[PDB]
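# my sequence and its experimental structure, below.
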Amino acid sequence: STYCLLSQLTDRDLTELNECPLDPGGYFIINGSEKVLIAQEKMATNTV
DNA sequence: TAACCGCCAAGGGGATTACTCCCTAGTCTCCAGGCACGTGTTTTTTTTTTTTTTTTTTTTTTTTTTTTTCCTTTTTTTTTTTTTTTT
């Protein structure tokens, strides 16, 4: 994301920190567990 | 302008007297509708059982198998020990 430490880093900088340059991210780390948030369908509010 | 009065003339019908007659007053005598008493059969009221729809409750949702993850309380009041200040 923008506010994380892996923001706009190069492949060499990600590799030196033992991170995958091909990793897209998109997940939280909660207690060492990778958690992903699923988008939920809902009705369109304020619609007749 | 004809009401009213005076004068005169004419006639029409209610009052009067008598005769008649006939319809009702009165009195028996028989009998029958008018009336006093009893009651009814429809009319209203009340129960009674059902009917019919609405509402609520309750129970249900194919089976078997294999991996992770999180949690398996928590704040809030009461108690009890400790520390500091004062005479």
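Here it is on my side, so go on. Numbers count the residues shown, from 1 in each chain, chains lettered A, B, ... in the order given.
# residues from chain A in reach of DNA strand B?
A:30, A:31, A:33 (Cβ under 7 Å from any atom of the strand). To be clear about C-beta, it is placed using only N, CA and C from the backbone, and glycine gets the same treatment.
# next, the last one: phi, psi?
By that I understand residue A:33. Phi and psi for residue A:33, reported as degrees, to the nearest 10, are phi -110, psi 130.
# beta partners for it?
With DSSP bridges as the criterion, residue A:33 is bridged to residue A:30.
# where do the helices sit along chain A?
A:11-16 (DSSP state H).
# give me the residue at the spatial middle of it.
Closest to where the C-alpha atoms of chain A average out (Cα atoms, centre = their mean) is residue A:26, at 2.1 Å.
# got the contact list for that residue?
Applying Cβ atoms under 8 Å, 6 or more residues apart in numbering to residue A:26 gives the contacts residue A:36.
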